[PDB]
>>> print(open('model.txt').read())   # compact mmCIF, C-alpha atoms and all ligand atoms
# COMPACT_ATOMS: atom_id res chain seq x y z
CA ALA A 1 60.81 184.55 -70.69
CA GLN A 2 60.55 182.01 -67.91
CA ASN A 3 61.96 178.47 -68.36
CA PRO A 4 63.49 179.19 -71.74
CA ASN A 5 65.25 175.75 -71.98
CA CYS A 6 61.76 174.11 -71.55
CA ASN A 7 62.78 171.99 -68.60
CA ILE A 8 60.22 169.87 -66.75
CA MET A 9 59.38 171.76 -63.53
CA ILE A 10 58.46 170.15 -60.23
CA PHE A 11 56.08 171.95 -57.83
CA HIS A 12 55.50 171.47 -54.11
CA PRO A 13 52.30 173.44 -53.25
CA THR A 14 51.40 174.00 -49.66
CA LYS A 15 47.94 172.88 -48.45
CA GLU A 16 46.94 176.50 -48.73
CA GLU A 17 48.11 176.70 -52.33
CA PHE A 18 46.28 173.42 -53.07
CA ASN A 19 42.84 174.91 -52.68
CA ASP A 20 42.38 176.70 -55.90
CA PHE A 21 43.19 174.44 -58.85
CA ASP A 22 42.88 177.03 -61.64
CA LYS A 23 44.95 179.55 -59.76
CA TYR A 24 47.74 176.98 -59.23
CA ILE A 25 47.81 176.05 -62.93
CA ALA A 26 48.05 179.75 -63.80
CA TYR A 27 50.89 180.09 -61.25
CA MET A 28 52.82 177.22 -62.76
CA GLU A 29 52.50 178.81 -66.20
CA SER A 30 53.67 182.17 -64.79
CA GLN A 31 56.88 180.27 -63.93
CA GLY A 32 57.19 178.85 -67.50
CA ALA A 33 56.10 175.30 -66.67
CA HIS A 34 54.07 174.87 -69.85
CA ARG A 35 57.09 175.40 -72.02
CA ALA A 36 58.23 171.85 -71.16
CA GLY A 37 54.87 170.26 -72.11
CA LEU A 38 54.77 168.39 -68.76
CA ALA A 39 55.06 169.36 -65.01
CA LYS A 40 55.10 167.31 -61.84
CA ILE A 41 53.05 168.37 -58.79
CA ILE A 42 53.84 166.82 -55.45
CA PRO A 43 50.73 167.21 -53.22
CA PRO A 44 51.07 168.71 -49.71
CA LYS A 45 52.02 166.14 -47.12
CA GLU A 46 48.65 166.50 -45.38
CA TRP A 47 46.64 165.59 -48.52
CA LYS A 48 45.35 162.20 -49.51
CA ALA A 49 43.31 161.01 -52.49
CA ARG A 50 41.46 158.45 -50.39
CA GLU A 51 41.91 156.61 -47.13
CA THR A 52 43.09 153.26 -48.44
CA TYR A 53 43.26 151.24 -51.68
CA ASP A 54 42.32 148.10 -49.78
CA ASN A 55 39.18 147.45 -51.62
CA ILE A 56 39.88 148.00 -55.44
CA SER A 57 40.27 144.47 -56.61
CA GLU A 58 36.69 144.25 -57.64
CA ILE A 59 36.88 146.91 -60.32
CA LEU A 60 36.40 145.27 -63.71
CA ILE A 61 38.69 145.74 -66.64
CA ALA A 62 36.07 144.89 -69.30
CA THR A 63 38.49 145.02 -72.24
CA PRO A 64 42.13 144.52 -71.28
CA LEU A 65 44.45 145.38 -74.18
CA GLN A 66 47.48 143.24 -75.19
CA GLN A 67 49.99 145.62 -76.67
CA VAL A 68 51.68 143.85 -79.56
CA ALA A 69 54.71 145.62 -81.09
CA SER A 70 56.12 145.66 -84.64
CA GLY A 71 59.27 147.29 -85.92
CA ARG A 72 62.68 147.75 -84.30
CA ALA A 73 63.53 148.41 -80.69
CA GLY A 74 63.71 152.17 -81.04
CA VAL A 75 61.03 152.72 -83.70
CA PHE A 76 57.88 150.60 -83.40
CA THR A 77 54.20 150.56 -83.52
CA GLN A 78 51.81 148.83 -81.20
CA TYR A 79 48.45 147.31 -81.82
CA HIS A 80 45.94 146.62 -79.16
CA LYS A 81 44.48 143.12 -79.16
CA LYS A 82 41.32 142.89 -77.05
CA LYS A 83 41.32 140.25 -74.31
CA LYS A 84 38.67 138.74 -72.12
CA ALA A 85 37.46 140.74 -69.08
CA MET A 86 39.22 140.44 -65.83
CA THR A 87 39.01 142.06 -62.38
CA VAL A 88 41.74 144.36 -61.03
CA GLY A 89 42.59 141.49 -58.57
CA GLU A 90 43.06 139.10 -61.49
CA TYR A 91 45.07 141.72 -63.43
CA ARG A 92 47.35 142.44 -60.47
CA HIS A 93 48.06 138.73 -60.10
CA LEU A 94 48.88 138.56 -63.82
CA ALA A 95 51.17 141.60 -63.60
CA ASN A 96 53.03 139.89 -60.72
CA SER A 97 53.42 136.58 -62.61
CA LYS A 98 56.81 135.39 -63.73
CA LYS A 99 55.87 136.04 -67.41
CA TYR A 100 54.87 139.71 -66.86
CA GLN A 101 56.65 140.99 -63.75
CA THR A 102 59.31 143.68 -63.63
CA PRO A 103 62.83 142.19 -64.00
CA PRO A 104 65.63 142.62 -61.53
CA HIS A 105 67.25 145.98 -62.02
CA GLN A 106 69.60 148.47 -60.27
CA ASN A 107 67.63 151.72 -60.49
CA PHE A 108 65.20 153.59 -62.80
CA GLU A 109 67.90 154.19 -65.42
CA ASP A 110 68.77 150.50 -65.68
CA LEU A 111 65.07 149.71 -65.97
CA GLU A 112 64.65 152.35 -68.72
CA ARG A 113 67.56 150.72 -70.60
CA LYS A 114 65.91 147.34 -70.30
CA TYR A 115 62.53 148.78 -71.49
CA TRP A 116 63.97 150.19 -74.68
CA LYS A 117 66.10 147.18 -75.38
CA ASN A 118 63.42 144.62 -74.84
CA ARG A 119 59.94 146.10 -75.10
CA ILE A 120 59.25 144.88 -78.59
CA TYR A 121 59.80 141.27 -77.62
CA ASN A 122 56.90 141.17 -75.20
CA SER A 123 53.19 141.99 -75.25
CA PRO A 124 52.15 143.44 -71.87
CA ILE A 125 48.44 143.80 -71.05
CA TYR A 126 47.11 147.34 -70.29
CA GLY A 127 43.79 148.06 -68.54
CA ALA A 128 43.43 151.42 -70.06
CA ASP A 129 40.73 153.88 -70.52
CA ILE A 130 38.20 152.70 -67.83
CA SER A 131 35.59 155.33 -66.95
CA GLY A 132 35.62 155.92 -63.20
CA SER A 133 37.42 157.54 -60.25
CA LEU A 134 39.31 156.46 -57.17
CA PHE A 135 39.17 159.87 -55.43
CA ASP A 136 37.09 159.87 -52.27
CA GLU A 137 34.12 162.22 -52.65
CA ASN A 138 35.29 163.95 -49.52
CA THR A 139 38.65 164.89 -51.06
CA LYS A 140 38.04 168.45 -51.99
CA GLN A 141 41.47 169.47 -53.36
CA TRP A 142 42.66 168.25 -56.78
CA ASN A 143 39.93 165.68 -57.01
CA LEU A 144 39.97 164.73 -60.71
CA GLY A 145 36.28 163.86 -60.60
CA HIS A 146 35.36 167.43 -59.35
CA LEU A 147 37.15 169.61 -61.79
CA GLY A 148 35.43 172.47 -63.73
CA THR A 149 34.40 171.00 -67.13
CA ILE A 150 35.77 171.88 -70.53
CA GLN A 151 32.25 172.71 -71.71
CA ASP A 152 31.92 175.19 -68.86
CA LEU A 153 35.34 176.72 -69.72
CA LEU A 154 34.28 177.18 -73.35
CA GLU A 155 31.01 178.77 -72.13
CA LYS A 156 32.79 181.13 -69.75
CA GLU A 157 35.40 182.21 -72.33
CA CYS A 158 33.33 182.21 -75.51
CA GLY A 159 29.69 182.38 -74.47
CA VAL A 160 28.65 179.25 -76.29
CA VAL A 161 26.71 176.49 -74.59
CA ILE A 162 27.33 173.02 -75.83
CA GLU A 163 26.44 169.44 -75.00
CA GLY A 164 29.00 166.98 -73.63
CA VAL A 165 30.47 165.80 -70.45
CA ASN A 166 34.07 165.47 -69.03
CA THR A 167 34.81 162.43 -66.73
CA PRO A 168 37.99 160.71 -65.54
CA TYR A 169 39.52 157.52 -66.68
CA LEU A 170 41.44 154.80 -64.82
CA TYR A 171 44.55 153.05 -66.15
CA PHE A 172 45.84 149.79 -64.69
CA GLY A 173 49.40 149.10 -65.86
CA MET A 174 52.07 146.43 -65.67
CA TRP A 175 55.75 146.25 -66.63
CA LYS A 176 56.27 147.47 -70.20
CA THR A 177 52.76 148.77 -70.73
CA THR A 178 53.20 151.70 -73.03
CA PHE A 179 51.54 154.97 -74.01
CA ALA A 180 52.43 156.00 -77.54
CA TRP A 181 53.46 159.49 -78.68
CA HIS A 182 50.46 161.82 -78.66
CA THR A 183 48.94 165.10 -77.70
CA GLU A 184 45.51 165.19 -76.09
CA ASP A 185 42.27 165.35 -78.02
CA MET A 186 41.85 168.92 -79.31
CA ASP A 187 45.31 169.61 -77.79
CA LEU A 188 43.75 169.84 -74.32
CA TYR A 189 45.62 169.68 -71.05
CA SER A 190 45.70 166.45 -69.15
CA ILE A 191 46.21 165.75 -65.48
CA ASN A 192 47.26 162.34 -64.27
CA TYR A 193 47.44 161.08 -60.71
CA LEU A 194 49.36 157.89 -59.90
CA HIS A 195 47.18 156.36 -57.19
CA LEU A 196 49.30 153.37 -56.34
CA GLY A 197 51.95 150.96 -57.37
CA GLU A 198 55.04 151.16 -59.41
CA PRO A 199 56.30 154.25 -61.28
CA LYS A 200 55.49 155.62 -64.74
CA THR A 201 58.28 157.13 -66.91
CA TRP A 202 57.31 159.98 -69.22
CA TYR A 203 58.96 161.55 -72.23
CA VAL A 204 57.79 164.92 -73.56
CA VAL A 205 58.50 167.36 -76.41
CA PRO A 206 58.10 171.08 -75.70
CA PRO A 207 54.96 172.45 -77.41
CA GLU A 208 57.02 174.96 -79.33
CA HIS A 209 58.83 172.07 -80.93
CA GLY A 210 56.03 169.67 -81.54
CA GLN A 211 56.21 170.00 -85.31
CA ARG A 212 59.81 168.70 -85.19
CA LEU A 213 58.50 165.49 -83.65
CA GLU A 214 55.76 165.32 -86.29
CA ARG A 215 58.25 165.69 -89.12
CA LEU A 216 60.43 162.93 -87.71
CA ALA A 217 57.36 160.72 -87.26
CA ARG A 218 56.42 161.22 -90.94
CA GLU A 219 59.95 160.12 -91.94
CA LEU A 220 59.91 157.07 -89.58
CA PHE A 221 56.39 155.89 -90.28
CA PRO A 222 56.04 156.89 -93.94
CA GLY A 223 53.05 154.71 -94.97
CA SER A 224 51.15 155.80 -91.84
CA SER A 225 51.88 159.42 -92.82
CA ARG A 226 50.50 158.93 -96.33
CA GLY A 227 47.35 157.31 -94.87
CA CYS A 228 46.52 160.17 -92.50
CA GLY A 229 47.56 163.74 -92.08
CA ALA A 230 47.46 163.39 -88.28
CA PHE A 231 48.38 159.81 -87.70
CA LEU A 232 49.89 160.41 -84.24
CA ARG A 233 46.19 160.77 -83.22
CA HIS A 234 46.00 157.04 -83.61
CA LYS A 235 48.24 156.66 -80.57
CA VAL A 236 50.28 153.75 -81.87
CA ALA A 237 53.79 155.03 -82.63
CA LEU A 238 56.84 154.80 -80.40
CA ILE A 239 60.22 156.44 -80.87
CA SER A 240 62.98 155.92 -78.29
CA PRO A 241 65.02 158.60 -76.58
CA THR A 242 68.09 157.38 -78.45
CA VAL A 243 66.35 157.89 -81.79
CA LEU A 244 65.05 161.28 -80.75
CA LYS A 245 68.62 162.30 -79.74
CA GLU A 246 70.08 160.98 -83.04
CA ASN A 247 67.58 163.16 -84.92
CA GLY A 248 68.02 166.31 -82.85
CA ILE A 249 64.47 166.35 -81.40
CA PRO A 250 64.24 168.36 -78.18
CA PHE A 251 62.71 166.31 -75.34
CA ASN A 252 62.78 165.69 -71.62
CA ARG A 253 62.06 162.73 -69.37
CA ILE A 254 60.86 162.26 -65.83
CA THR A 255 59.59 159.42 -63.66
CA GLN A 256 56.29 159.81 -61.74
CA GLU A 257 55.87 157.90 -58.52
CA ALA A 258 52.79 156.92 -56.61
CA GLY A 259 51.18 159.87 -54.91
CA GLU A 260 52.28 162.39 -57.57
CA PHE A 261 50.41 164.39 -60.24
CA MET A 262 51.57 165.12 -63.73
CA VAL A 263 50.09 167.81 -65.97
CA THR A 264 50.49 167.79 -69.71
CA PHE A 265 50.07 171.11 -71.47
CA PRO A 266 48.40 171.94 -74.78
CA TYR A 267 50.27 170.45 -77.68
CA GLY A 268 52.87 168.77 -75.44
CA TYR A 269 53.63 165.45 -77.12
CA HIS A 270 54.21 162.71 -74.57
CA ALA A 271 54.88 158.96 -74.41
CA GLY A 272 56.00 156.58 -71.70
CA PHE A 273 55.83 153.26 -69.91
CA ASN A 274 54.95 151.64 -66.60
CA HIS A 275 57.54 150.02 -64.35
CA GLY A 276 55.22 147.41 -62.84
CA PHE A 277 51.67 147.02 -61.53
CA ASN A 278 50.07 150.43 -61.00
CA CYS A 279 46.87 152.40 -61.21
CA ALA A 280 46.59 155.97 -62.58
CA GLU A 281 43.62 158.29 -63.02
CA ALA A 282 43.60 161.00 -65.70
CA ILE A 283 41.26 163.53 -67.22
CA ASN A 284 41.44 166.30 -69.80
CA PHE A 285 40.89 169.92 -68.82
CA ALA A 286 41.02 173.38 -70.31
CA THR A 287 42.03 176.91 -69.32
CA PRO A 288 41.63 180.17 -71.26
CA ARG A 289 45.04 179.70 -72.77
CA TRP A 290 43.96 176.37 -74.34
CA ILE A 291 41.33 177.95 -76.61
CA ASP A 292 43.73 178.95 -79.29
CA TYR A 293 45.34 175.48 -79.29
CA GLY A 294 41.95 173.95 -79.62
CA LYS A 295 41.28 176.06 -82.73
CA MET A 296 44.50 174.91 -84.33
CA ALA A 297 44.52 171.24 -83.30
CA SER A 298 45.04 168.68 -85.99
CA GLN A 299 42.57 166.14 -86.67
CA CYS A 300 42.44 162.50 -87.85
CA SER A 301 39.76 162.33 -90.60
CA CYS A 302 41.06 158.81 -91.97
CA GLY A 303 38.68 157.44 -89.45
CA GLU A 304 41.07 155.47 -87.30
CA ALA A 305 41.23 157.79 -84.22
CA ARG A 306 37.48 157.62 -83.58
CA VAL A 307 36.89 159.90 -80.57
CA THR A 308 34.23 160.96 -78.08
CA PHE A 309 30.84 162.38 -78.19
CA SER A 310 32.10 165.52 -76.43
CA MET A 311 34.87 166.18 -78.95
CA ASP A 312 32.17 166.65 -81.63
CA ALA A 313 31.06 169.88 -80.14
CA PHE A 314 34.58 171.14 -79.72
CA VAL A 315 35.24 170.61 -83.40
CA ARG A 316 31.89 172.10 -84.37
CA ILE A 317 32.47 175.33 -82.46
CA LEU A 318 36.24 175.81 -82.69
CA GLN A 319 36.83 174.28 -86.13
CA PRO A 320 33.61 174.76 -88.14
CA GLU A 321 35.38 174.40 -91.51
CA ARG A 322 36.78 170.96 -90.51
CA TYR A 323 33.43 169.94 -89.03
CA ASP A 324 31.93 168.19 -92.10
CA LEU A 325 35.17 166.19 -93.05
CA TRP A 326 36.07 165.26 -89.40
CA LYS A 327 32.52 163.90 -88.81
CA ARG A 328 32.77 161.89 -92.10
CA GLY A 329 35.76 160.22 -90.36
CA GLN A 330 33.72 159.77 -87.16
CA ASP A 331 30.63 158.23 -88.91
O1 LIG A 401 48.91 156.95 -68.17
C1 LIG A 401 48.74 156.59 -69.35
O2 LIG A 401 48.76 155.43 -69.93
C2 LIG A 401 48.45 157.60 -70.42
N1 LIG A 401 48.13 158.94 -69.84
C3 LIG A 401 48.20 160.05 -70.55
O3 LIG A 401 48.55 160.11 -71.76
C4 LIG A 401 47.85 161.33 -69.91
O4 LIG A 401 47.60 161.34 -68.68
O5 LIG A 401 47.74 162.30 -70.67
MG MG A 402 36.52 146.64 -55.66
NI NI A 403 48.04 161.85 -72.69
ZN ZN A 404 43.86 158.94 -89.05
>>> encode(input="model.txt", output="structure tokens")
Amino acid sequence: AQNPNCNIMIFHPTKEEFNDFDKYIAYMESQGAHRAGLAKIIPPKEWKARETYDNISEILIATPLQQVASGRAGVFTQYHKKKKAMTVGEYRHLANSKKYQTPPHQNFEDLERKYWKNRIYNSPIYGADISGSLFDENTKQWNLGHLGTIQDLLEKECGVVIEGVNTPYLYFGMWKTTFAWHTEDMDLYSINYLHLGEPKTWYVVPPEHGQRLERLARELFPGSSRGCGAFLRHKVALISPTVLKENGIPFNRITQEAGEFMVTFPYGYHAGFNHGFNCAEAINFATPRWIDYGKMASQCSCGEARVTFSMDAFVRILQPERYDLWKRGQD
């Protein structure tokens, strides 16, 4: 078996290898990359997502989210308070302010220490989940707005034709902005490109060990666990690397820099934080190997996780028994 310790793998495709997205994903899996839950892909040196970022300040963040924490430094939840709209130029100036900017630090490890020590004491503002793309339409390779759709993958593998669409989302981050522990909707893949700015640190649990993270989460967030059988779908819980190590949970970490892709694999739990002002683009995707994970994915029926139009069809086709109760949660 390839990559039996489930290490995060880093790939350096040539421009020739960068032509066929599906083929490259299947290659990475042939090398065991999925066992980690996360891989890094460094694009060929000749490739570019777009010519410049010089004109992005006019994008609107309609609903910036203030991420307010509760708990202790290593075990906390976050709630998202909605704020007034602001442009990306306004948000960048806020991120660079004395109140919100990245502190002085020695290197990524010192910064990671400072994040886990101090995150809970601040409420950074995250411009998350903004439909749109920053890839130039002329970028033909690994353009996250031109990928084959999940509905077309389900049709090709299973014959069934369903409604729904599959589009990217932009994320504008600042120091301490945080993504809670989660897998993707319907345990899909994700791909994330860091267009610009400061890094993003990721933590990941191997898919084969995801249930160990779930059992710890039930112990650490026991009222949330009684409220919902899949409360990590709410995307609010944080657990630090120190706490994961104290509880024997297998995990890995890696820092993504501007210009780099990350792929998350089906049922790869991940969490992380931004080092400073940045912009990422991400989208979900499927391969044939996902189908079985989609059939088995947990679902939030408490009603909190409240997810897309397109996920309806996935549930209806892959999980017809759940259909009914999951749509009672979503209506
Ligand atoms: O970048 C972020 O805030 C969150 N992104 C993801 O969880 C992802 O790409 O799967
Ligand atoms: Mg603009
Ligand atoms: Ni994700
Ligand atoms: Zn729920």
>>> residues_around(input="model.txt", residues="stretch 175-190 of chain A", least_positions_apart="6", cutoff="7 Å", atoms="all atoms listed in the file", output="PyMOL selection string")
chain A and resi 100-102+115+119+124-126+232-233+235-238+263-277+282-286+290+293-294+297
>>> residues_around(input="model.txt", residues="residue A:302", least_positions_apart="4", cutoff="8 Å", atoms="only C-alpha atoms", output="PyMOL selection string")
chain A and resi 227-228+329
>>> residues_around(input="model.txt", residues="residue A:117", least_positions_apart="6", cutoff="10 Å", atoms="all atoms listed in the file", output="VMD selection string")
chain A and resid 72 to 74 111 240
>>> residues_around(input="model.txt", residues="residue A:142", least_positions_apart="5", cutoff="9 Å", atoms="all atoms listed in the file", output="list in words")
residues 18, 19, 20, 21, 43, 49 and 147 of chain A
>>> closest_residue(input="model.txt", among="A:289, A:93, A:234, A:218", to="ligand ZN 404 (chain A)", atoms="all atoms listed in the file")
A:234
>>> residues_around(input="model.txt", residues="residue A:132", least_positions_apart="2", cutoff="7 Å", atoms="only C-alpha atoms", output="JSON, numbers by chain")
{"A": [130, 168, 169, 170]}
